[PDB]
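**Q** the sequence isn't on hand, but the structure is:
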Ligand SMILES: CC(=O)N[C@H]1[C@H]([C@H](O)[C@H](O)CO)O[C@@](O)(C(=O)O)C[C@@H]1O
Ligand SMILES: CC(=O)N[C@H]1[C@H]([C@H](O)[C@H](O)CO)O[C@@](O)(C(=O)O)C[C@@H]1O
Ligand SMILES: [Mg+2]
C-alpha cells in the first residue's frame, strides 16, 4: 500500500456498529407511512484489540554502534509523548522504523 | 424464552442464501405496536354516512394488531428477485419460520406541552397465531401494514378488524363476534421471546416464464393436415353466385381454419381505456361501464378478474379498466391521484394462451342459415370453462401478494387467488399481537363499573421471518438469448430501488416474473 | 353450516389497501366536464371497488315469482318463461338447477 504497510488480499474485516432505532409512541390510529419519531439515544462501551506481531531479530556483525532512536537527554519543559497541563496528549514528531542497518 | 432485562432475546437474522434448487430468505424488521381502540372492541358499521348499498358493511375493530409478511419485497430483495426471475422457470413456498424478540414496552406520560417516554419493565405484550383458522382471515386482501421493502425502515403494526354478515347497516342472527382474549396467547416481558414454524401445503410452481409459442401456432408450417374443413358455400369459378359445398384440407397458407386441439382461456371482457386521456369518452364511466359482479343485491367491481392479456400486439397504450393490478408510487395520494403517481402492470405476455381482456372471446352462430334466413353470428363477452381450454394464471410482482386462503366452500374452480399467487387450503396463519392493558390507580372505594383509566403505553420489538422457497430450474434448449430483466446501463440521477437524498426508498416499476420462455 | 361472512366482506375494514384502482374518468373540481384519469387506493369507505381475490358462484338465472298472487303477471308462464335445457330437440325444465340464493 503506497502510504506504507501491509497489502492484504483478505485484511482484518470491517466491524460495523449501529444503535437499534427505538420508536417513540405511535399514533392510536394506524399509519403505514414510514416512522420518523424516535427516542434520541446514544451508546457507550469499551473495545478490546489484541494483536500478536512476529519480530525479525537483528543478527548484525557490525562492529561500530548503530544509530538508535532516543529521547533528548537534555532539559525541556515537556516530556515527549505526554499530556500537558491541560491534559492533552501530543505526539511531537513522526517516528519511523529504519534505524538498525544491514548490508545491501 | 427467559432472560434478564439486559439481555437480547434474539439477533438480527436477515440474509439471502441460495443452495441448489432452494433459496432461503430471512428478513428481520423492527415494529411499533400502539394501544388500539383503548383496549376496547368497538362495533363498526356503515350506519350514518349513507354509503351506497354496495358499500354497506357491519363488523368489529379489535384491540389487537397483526403481522403481515404477504408481499414478496418482504423477503426478496430486488437483486434476489432478479436471480429468481432471470434464471428459474418456477418457484413456490415450502416452509416458514417466525420469531418475535427484543420486545420493549414503554410508558408514556403527557404533562403540559412536554411528553416523557420511559421504560415499563413489568409490562407484557401478548402474541398468538390462529393455527386453527378460527378467526376471520383478514390477510390476503392486499392491505397495507406489511413488512417494509427496505430492511432499515421501521413500520407500524396494522390493527386487526374483521366483518360478518350485513343487511344494510344492520346485522343478522348468523353474524359472528370474536373475542381474541378467548384464545390462549403467549405473554412476554422484555425478557421473553416467541417463535413458531409453518409448512406450506403442496402447491404448483408459479409460472416465471412466458410462452415462446401461441395456441394458434402449434402446428408444423410445412405439412398439410389430413383433416378437411368446409371451405366455400358459393361456387368458385361460376359465372353467377351459385351454391356449392367445397372442402379443402389444412394448409400452411391458412393456419386460421386448420382444425386444432385446444381453446384459449376463459374471458370476461372489460372496458378498454387509453393511457392518453384524449382518446377516452367524455364521461365518468369507471362504475357505469364497470364490469361488476352481483352478490346479494350488492354490486362489487371485478378487479382484477379472470386472467387476461392487457393489450394486443402494438396497442401498448390501452389497459382494462379493472383488469390489471396498479401499484401507487410513494408520492401518490390516497384518492384521485394522477396517472404518473401510480404504476400499471402489463400482463401482455399471456396473450399467447389467454384472451385479451378488452376484446371479445369469439363468435357464435345464433340462428339456422337457409336460402331464406341469412346466417348470423354474435360476439362472446363472457366465456365460462369449456373443455379443451388452456390458460396462464395472472403473474406475481415483487410488490404483489404472495398467497391467499382459499375460501372454505363446498366448491371452487381453479382457485388461484385472482390478484396472483398461491391459493392455500391452510395458509400461514395470522399472528395477533396486543399490548396487555395496564390499569392506572383505582379509587380507594370499590367500583364494579368497567375500568376506563390506563397508563398510556406502546411497544416496540423486532420480528424475524425465514422462508425456504423451492426453485424450478430452466432446462431450455433455446439457441438464441432469452429476454432478461436488467437495470439501465446508461446514466441517471438515481439508482433504481434505493433511498434518495432524504432517505426514502422507492420502488420505481413493478417487476413480474415471466422472462424466460418455454414451448407451449 | 352457513357462512358468518360474505365474499365481498372478507377484508379488514380499518386498513386501506396498497392496491390502486382507476377512480374517475372526468375531472373532479373542474369547471367544465373535462376528461381525466384519477386513481384511488382501496378504502373502507368503498368496499365495492376494492380489488378482491374471488368470484361468486356460477349462475343460471330463473324467473322470480311472488308468493302473493297479485304481484305476478296475468299469464301462465311456468313453461314459456321457464328456464329450460335443450337435449335432442327436447326441452326439459331445469329444476332445481345450479345452486343459487332464493331471495335477497
Ligand atoms: C385461409 C383463409 O382464411 N381462407 C378463407 C377464404 C379466404 O378469405 C380466401 O381464400 C381469400 O383468398 O375465404 C373463405 O370464405 C373461402 O373462400 O373458402 C373461407 C376461408 O376460411
Ligand atoms: C365508493 C364508491 O362507490 N365510489 C365510486 C364513486 C362514488 O359514487 C362517488 O364517490 C360518490 O360520492 O363514483 C365513481 O364514479 C367516482 O367518482 O370515482 C366511481 C367509484 O366506484
Ligand atoms: Mg451468505
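**A** Alright, I've got the coordinates. Numbering: from 1, shown residues only, chains lettered A, B, ... in the order given. Ligands and ions are numbered 1, 2, ... in the order given.
**Q** so the residue sitting nearest the centre point of chain A: helix, strand or coil?
**A** Note on chain A: the residue nearest the mean C-alpha position is residue A:49, at 10.2 Å, using C-alpha atoms, centre = their mean. What DSSP: H, G, I helix; E, B strand; the rest coil gives for residue A:49 is coil.
**Q** got the contact list for it?
**A** By C-beta atoms under 8 Å, 6 or more residues apart in numbering or on different chains, the contact set of residue A:49 is empty. From N, CA and C alone the C-beta is placed, and that goes for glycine too.
**Q** please, where are all the strands along chain A?
**A** Taking DSSP state E, the strands of chain A run over residues A:82-83, A:89-90.
**Q** nearest spatial neighbour of the closest residue to ligand 1 within chain A, chain-adjacent residues omitted?
**A** Closest to ligand 1 within chain A is residue A:32: 54.9 Å, counting by C-beta to the nearest ligand atom. Using C-beta to C-beta, 6 or more residues apart in numbering or on different chains and skipping residues adjacent in sequence, the residue nearest residue A:32 is residue B:144, 4.1 Å away.
**Q** ok so, going back, neighbours around the residue of chain A closest to ligand 1, how many?
**A** Residue A:32 sits with 16 neighbouring residues when counted by other C-beta atoms under 10 Å in any protein chain shown.
**Q** and if you look at residue A:34?
**A** Quick note: residue A:34 (other C-beta under 10 Å) scores 15 neighbours.
**Q** repeat that for residue A:25.
**A** Using other C-beta under 10 Å, residue A:25 is surrounded by 21 other residues.
**Q** contacts only, for it.
**A** A:37, B:34, B:106, B:108, B:115, B:117, B:456, B:458.
**Q** can you list those in a markdown table and add distance to ligand 2?
**A** Shown next, in a markdown table, are those (distance: C-beta to the nearest ligand atom, whole Å):
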| residue | distance to ligand 2 |
| --- | --- |
| A:37 | 32 |
| B:34 | 28 |
| B:106 | 38 |
| B:108 | 36 |
| B:115 | 37 |
| B:117 | 39 |
| B:456 | 35 |
| B:458 | 33 |
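**Q** among the residues you listed, which two are most distant?
**A** A:37 and B:456 (15.1 Å; C-beta to C-beta).
**Q** how near is residue A:71 to chain C?
**A** According to C-beta to the nearest C-beta, to the nearest Å, residue A:71 stands 70 Å off from chain C.
**Q** pretty sure that residue sits against residue A:78.
**A** No. Checked against C-beta atoms under 8 Å, the pair residue A:71 and residue A:78 is beyond contact range at 11.2 Å.
**Q** distance from the centroid: which residue in chain A tops it?
**A** Residue farthest from the centre of chain A, counting by C-alpha atoms, centre = their mean, is residue A:29 at 49.4 Å.
**Q** could you pull up phi and psi at that residue?
**A** Here is the backbone geometry of residue A:29 (degrees, to the nearest 10): phi -100, psi 150.
**Q** how long is stretch A:93-103 from one end to the other?
**A** Counting by C-alpha to C-alpha, to the nearest Å, you get 28 Å between the two ends of stretch A:93-103.
**Q** again, but for stretch A:79-92
**A** For stretch A:79-92, the separation between the terminal residues is 10 Å (C-alpha to C-alpha).
**Q** repeat for stretch A:35-46
**A** 31 Å.
**Q** buried set for that stretch?
**A** Judged by neighbour count (16 or more other C-beta atoms under 10 Å in any protein chain shown), stretch A:35-46 contains these buried residues: residue A:35.
**Q** what's it in contact with?
**A** A:19, A:21-26, B:32, B:117, B:153-156.
**Q** at 10 Å what do you get?
**A** If you take C-beta atoms under 10 Å, 6 or more residues apart in numbering or on different chains as the criterion, stretch A:35-46 is touched by A:17-27, B:30-32, B:106, B:117-119, B:148, B:153-156, B:460, B:503.
**Q** any idea which residue of chain A lies closest to chain C?
**A** Chain A approaches chain C most closely through residue A:30 (6.3 Å), counting by C-beta to the nearest C-beta.
**Q** shouldn't that residue be in contact with residue C:14?
**A** Yes. Using C-beta atoms under 10 Å, residue A:30 is in contact with residue C:14, at 6.7 Å.
**Q** now for residue A:71 and residue A:78: what residues contact both?
**A** Joint contacts of residue A:71 and residue A:78 (C-beta under 10 Å, 6+ apart) are residue A:92.
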